[PDB]
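Here's a solo chain for you in structure tokens, the form deposited in one PDB entry.
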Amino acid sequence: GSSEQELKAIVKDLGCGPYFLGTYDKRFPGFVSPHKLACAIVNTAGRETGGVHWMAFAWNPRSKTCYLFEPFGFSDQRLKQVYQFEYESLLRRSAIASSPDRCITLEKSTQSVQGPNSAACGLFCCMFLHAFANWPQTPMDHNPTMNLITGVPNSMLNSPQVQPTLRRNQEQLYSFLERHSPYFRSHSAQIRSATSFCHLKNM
């Protein structure tokens, strides 16, 4: 299942409407936002294939920062090898369009908050964007939203040692969305089932 055409409703519930460009596939052009905070949810795949995995990009023109929150925190190389996904192009187009000097600071997550069998990627992205909308200079951590979940080194993604941390992250995610999204509340059971912690576990 995962999350489909749902993020929009949830992200709107979370107060991101004034900054949210929408959901895109891997062809996301980038940001043309020299003066305003902006963000987007971006799939690793093209629309042609259905959608594989969700990430969040956010742009702060005042701090000159582009944020990438991909819930597993994979390296660029692992994004290319696991998902055939490259964000160099959209980063370049964003900086050309949005920065007077054609430069930016890329800030990207290096830790996993999501279990390796979880289908909650899209929901984690929604949570990050609430953090961005409310704390645009420190969306990754040290803020009330992201203080609710704990990243672990991406190298330990499949370690039995950290699985309870990642399960608790998912519990906090859902409860976060219960508290802040009427859309989530009214679809609570269906979304939990379609995004569950062991949803993609191999049999």
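Under this definition, the rigid core comprises the largest set of C-alpha atoms superposing within 1.5 Å between the forms. Heads up: residue numbers just count along the shown sequence, starting at 1.
The discussion below concerns the form deposited in another entry, not included here.
- Here the two forms are overlaid on the core, and between this form and the one not shown the C-alpha of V32 is the only one among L37, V32, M140, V162 to shift by 2 Å or more.
- Residue displacement note: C121 has its CA displaced by under 2 Å between this form and the one not shown (rigid core superposed).
- Annotation for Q81: C-alpha shift of 2 angstroms or more between this form and the one not shown, rigid core superposed.
- Taking 2 Å as the criterion, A131 does not count as shifted between this form and the one not shown: its C-alpha moves by less than this amount when the rigid core is aligned.
- Whereas the displayed form keeps them at a certain spacing, the CA atoms of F85 and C66 lie at least 3 angstroms closer in the other form.
- Whereas the shown form places them at one spacing, the Cα atoms of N169 and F85 lie at least 3 Å farther apart in the other form.
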